[PDB]
Every structure is written in structure tokens, then in C-alpha cells.
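Reading through the C-alpha cells given below for one structure.
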């Protein structure tokens, strides 16, 4: 249940849905928002396996 | 212009199959006793390509215009080097930068000019009786040259270019690619001895010479040669002989192959990574020897087929006459609130009536406004001094 | 009807979202 | 303007297509896109409510703003690939096994 | 002097120095810039790599 709640957190962004950011920000400018969602999930996955 | 060849019978081409062909060196790094795989254009194994026949020994001579894509695997089995040169370009009418690489019997003329290509360009040699030698006499490639950007002359050599009877003896495989303007050439010779089909042996293409140019190749055409012996009058209607010649046309695909390097550093084996379920195991484990056991690969995801669009029907329109381009707005301290709702609002129709100066959308792209719906749109019309433009911004104070 | 005894059936009742978690990568 | 805070009533210049069921095609309701199978519904929904979240915080049922019909959302991405081979020394055949 | 988007083929000569080994210094052999001791080898490479 901990990994499920990680999909709703923004981790310092504006949206937690990958289908929502692409429909509002251009690719050359949305790279700063997608990286925050990928980095925020790598810590939860690394901690879960640990 | 050139002459119009008559009595040309059209025959439906066949479809052959490649057997472990289209493997070259993706990088210039020497490897030995180590498996490596990168991302480069190669030819998939067991692929169906179009085989064009031009056997005349009849009356078969066709040279269509094929478009240049990502990697062109060209291979032909000539009985005595029948295929001469090739042409490259877009419109082929002395308008852009056309690439003319012709392989003659004395020098390989490689010039990058603006040649005027005719209708059906071809080559024609004559065979005399006193001296008995195949010399070039009918040159129908271009009419004149105007501007040029690159010129290269190869080393002088000795070649007769025979055109008598026999079977296939030589095999020259060329890989025409154009990545970021660089035109790479991969030539390799392989002695063969057959009459048709294609050898199923493994070969490795070696690079010839790289031309650091910057042209746009769109379409290409393979030029052949004709044989004018003493038995034929030599006319360009019925006294021409194309000879037993055939060329293969193959397009490279962005695939990944597992290159194998022995103690000498030569590629002698290649296994695909996305073709057969058995071939995906050796590429995943990075080992040609697979033991007994269960292994996991990728996942099974079903791709969608259609895409429906669902939006409520609105038969209204937002009044853009009183909001944009009016005659007088409110002040900076007493701004008027405009309620824009229950209407269709579009940003593209705001350029035919007025011209905007600084049109910037913060937090959302201007081209992504129609995809996402709007909720509670409020317009704040106010006229301020030009010195306050740099201050009104979500990030400036 | 099963290949278990009465003691094994009593201990099974003492120790007591299926497809929703599998839609993210949680494969059991 | 706000983003995703009230029933759709403004939006922009966008048309509409037909509705297909029992298919895993891409949908687009209230601007929010997604991918899933749209079938029948048997739950209860209030007239002033549009979206809906479960325990995983995912839109499982969105109301059609065109016909006011509740359609469930279920993606078909549910499977796996697993190849089992006895070995290259014996034969040259495998066994495609799905998860 | 006019520069466009095409790859320029007219640059300029580069001053080449000498070759010294038996030391752990820095060297640059066409693109690759490594720092190590240059020793003799018995294997050969390819005439295009």
C-alpha cells in the first residue's frame, strides 16, 4: 500500500499523471516536470527492494 | 536529353529472401573475445525484399526510381561487372545538389554538381572486331553541368568490362546511408559461382571512403549498361543487349544485433534480438549457449486500435469583439471582471482582427489550450504603462 | 473430499484490490 | 482559468466521434485522456458528481458529458511474456508461456 | 568567410609534437584522451579502425 500512495504524490511538481502534463506542457519545456516524477519514484523502489 | 528506348517488355518482379545478410561494423572500435550490441541500422534476417530482373541474354530492361530511406542495402550479381554507377538526388533536374558516382573502366568519377538528368539515362559500350575490346562509346548520363560543390578523381586502373556469355562470378554489396548529411560507403567483394538465387553465407561489409558533405538525398536510380557487339547494328531500339544482370533492393531497419568477435577481431556471427523467441534468449543473456531453465523477458501489453473523442456539444461562441481589440478598457486599480463561460473560445482566430506583441502563456503551452478543457475563465482588461510590463509576470516583482 | 485431516482444516480458518494492484506492475 | 475543477461547460473548439464498447481503445473525457475498456456500469453516482477515485486514486468511472452515461475504465495491460527452452544442445524449439 | 549548415571540410593544420613513453603522462591520439603508460603491444588492429 505504500507504493500505491507514491503514484499520487507530486514530489515537487504540478501533476502526478503522465497523461496530464503532456497535454499542457511542450516536450522542450516539460523535461523539468517528468524528471521530478521519475526521481521521486526511484527512491521508493530502491527502499522497497532494500 | 537522351534517346527513348523502344521494345521494352514489362515483367512482374519476384520476391527473394535474405539469409544472414546486412551485417557491417557499427563503430570503429576493435573488439576481441567480447560481445557488444549498439543501436544502428541493419537488415533483419529472413526478410522479404523485391528482386528486380534484367536478363536479356527476353527484352527486359527497366530502371525505376526508388526513394531513398534510412539505409539502402544494394547487392547485385553481375557476370562481368555489368552494373556501372548510380545517381542520387531529389527532383533530378539540375535544381538541387545531385550526387553522381559513376564507375567507369578507367576512373571512378565522383562529382557533386547540378547535372541535367535526361529521361532514361543509361550506359553503352561497343565491341570492335579488329582490336576486340569493350570500350565506352555511348555516354548518356547528363547533358551539361553548371554549379559544383565537390569533385573527386579516383586512381587510374585497368579494366575491360566484358559482356560475353557465362554465369554470375562477382558480387559487390553496397550499403548507401545518409546520417546527418554524411554519405557513408560500404563496399565488399565476394567471389561467387552460381547462376541464380543468392549465397546464404555470412559476409561483412567494409567501409570504403566517407564524404563529409551535406546534401538531401530523396530518390535514387540504378543505371545499367548495354552491349553493342558486331552482330548488332548498334541502334538504340533493337540492337541493344543488356545481358544477364540482376540487382537486389533492401531497406535497413533499426534493429539490434549481437556482434561476435573472435581472436582476430572480425565479425563472423550475428544474432537478432527481436525476431524469434529463441533468438531473444541468447541476446538477453549475452551468451550463445543456453542451458535448461526458465527465463523472463519483456511484458505483454496490448496496444490500442482506435481513439474516440468525447466532448459536450456547445452551440455558442465567446464574444471576442469586446474582450480583444475594443476601444477603451479599465484602469489598473479598478479593473473590470469579465465572465467568459458557456461558449467556445479559440486562440487561433485572434490574429485576423488584431496583432499581438507579447503573447506568452505561463504554466501551459499556447498550442495545448484546445486539448484540455477550461474552467471558470476570467478576463482582466487593464491598460498600464510600458515600464510595468516587466513587472506583471508570475515570477517578477 | 480433500487430502487433509481435521487438524489441518482447523488451522486454515485461523489464518485468513486483487486486480487493481496488478494494473501498476505488482505481479504475484 | 482553472484546470479540472468543475463539470465541462466551456472547453474549446473540439468535435466528437462515436462511442464504442468492449474495446481497449484510447478515450478522452473532460480533457483528461487515458486508455481502458469502456463497458457497462452497475454502481451509484450523484448528478452533481463527474469523476471518481478508488483506493489506488485512479479514474475508474467517468460520466459522459454528452449522454450522462457512466462507463467503467479498465485497461487491458494485463499479461506477461516468459520463454522456456530445454536447451540449445538438445533441440531448437521453445515454449511461449504467458503470465 | 561564409559558414552554413553543411559540414565544413576546410579547417586548419594542427601542430603535432613528439612521442614519449615510459611515463604516466597525458596523451591524445585522435579524439581519445587517455592518461597512462604507453607500452608495446603484440596484437594488431584493423586497417580502418
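Chains as they are written, first to last, in the entry's author numbering: chain X, 960 to 1009; chain B, 14 to 70, 76 to 415; chain Z, 812 to 827, 849 to 860; chain W, 515 to 613; chain D, 515 to 563. We treat Cβ as the ideally placed atom computed from N, Cα and C, and that holds for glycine.
Query                                                                                                                                    : Result
The stretch 348-361 of chain B in contact with the stretch 519-532 of chain D per 3-pair CB rule at 8 Å                                  : no
Neighbour-count burial assignment, residue 160/B, 16 or more Cβ in a 10 Å radius                                                         : buried
Nonlocal neighbours in the same chain, by C-beta distance under 6 Å from residue 212/B, ignoring five residues either side               : 186
Neighbour flag for residue 967/X against chain W, beta carbons, 7 Å                                                                      : yes
Residue 15/B and residue 164/B closer than 7 Å at C-beta                                                                                 : no
Close-in-space but distant-in-sequence residues of the same chain around residue 90/B (CB under 6 Å, 5 per side omitted)                 : 194
Contacts around residue 545/D, its chain only, beta-carbon distance under 8 Å, and the 5 residues preceding and following it disregarded : none
Beta bridge counterpart(s) of residue 166/B as assigned by DSSP                                                                          : 131/B
Within-7 Å CB hit, residue 575/W to chain Z                                                                                              : no
Cross-chain neighbours of residue 985/X in chain B, by beta carbon under 8 Å                                                             : 383, 385 and 386
Within the stretch 538-590 of chain W, ranges of the beta strand (DSSP E) (whole runs, at least 3 residues)                              : 540-543, 546-549, 551-553, 575-577 and 584-588
Residue 226/B versus 217/B, 149/B, 247/B and 203/B, residue with shortest Cα-Cα distance                                                 : 203/B
Cβ pair count under 8 Å reaching 3, the stretch 94-101 of chain B against the stretch 250-265 of chain B                                 : yes
With 16 other Cβ atoms within 10 Å as the buried cut-off, status of residue 280/B                                                        : exposed
Amino acids of chain W, ordered along the chain, whose beta-carbon sits closer than 8 Å to that of residue 991/X                         : In chain order: nothing, as chain W lies at least about 18 Å away.
Extent of the continuous beta strand (DSSP E) to which residue 535/W belongs                                                             : Per DSSP, residue 535/W belongs to no beta strand (DSSP E) and is neither H nor E.
Paired residues, beta bridge with residue 153/B - DSSP                                                                                   : 144/B
Near the ligand SAH: residue 17/B beta-carbon under 6 Å from a heavy atom                                                                : With respect to the ligand SAH, the structure offers nothing, as it holds no ligand at all.
Below-7 Å beta-carbon distance, residue 975/X vs any chain B residue                                                                     : no
Test: residue 1003/X CB closer than 7 Å to a CB of chain B                                                                               : no
Cβ-Cβ distance between residue 92/B and residue 175/B below 7 Å                                                                          : no
CB contact below 7 Å: residue 527/D versus chain B                                                                                       : no
Chain Z contacts from the stretch 572-606 of chain W (Cβ-Cβ distance under 9 Å)                                                          : 572, 574, 588, 589, 591, 592 and 594
Nearest residue (CA-CA) to residue 361/B, options 336/B, 189/B, 35/B and 172/B                                                           : 336/B
Segment limits, alpha helix (DSSP H) that includes residue 963/X                                                                         : 961-964
Cβ contact (3+ pairs, closer than 8 Å) linking the stretch 139-151 of chain B and the stretch 246-257 of chain B                         : yes
7 Å Cβ cut-off: residues of chain X touching residue 74/B                                                                                : Gap in chain B between 70 and 76; residue 74/B lies inside it and carries no coordinates.
Beta-carbon spacing of residue 102/B, residue 125/B below 7 Å                                                                            : no
Nearest-angstrom Cβ-Cβ length linking residue 587/W and residue 602/W, presumed shorter than 8 Å                                         : Actually they do not touch by this definition, with Cβ atoms about 45 Å apart.
Alpha-carbon spacing of residue 590/W relative to residue 539/W, whole angstroms                                                         : 9 Å
Residue-chain proximity (residue 218/B, chain W), Cβ-Cβ < 7 Å                                                                            : no
Whole-Å CB distance - residue 984/X paired with residue 383/B, under 8 Å assumed                                                         : 6 Å
Chain X within 7 Å of residue 390/B, Cβ atoms only                                                                                       : yes
is_contact[residue 609/W, chain Z] using C-beta, thresh 7 Å                                                                              : no
Nearest neighbour of residue 8/B, chosen from 312/B, 190/B and 214/B [CA to CA]                                                          : There is no way to answer for residue 8/B, as the model of chain B reaches only from 14 to 415.
Residue-chain proximity (residue 963/X, chain W), Cβ-Cβ < 7 Å                                                                            : yes
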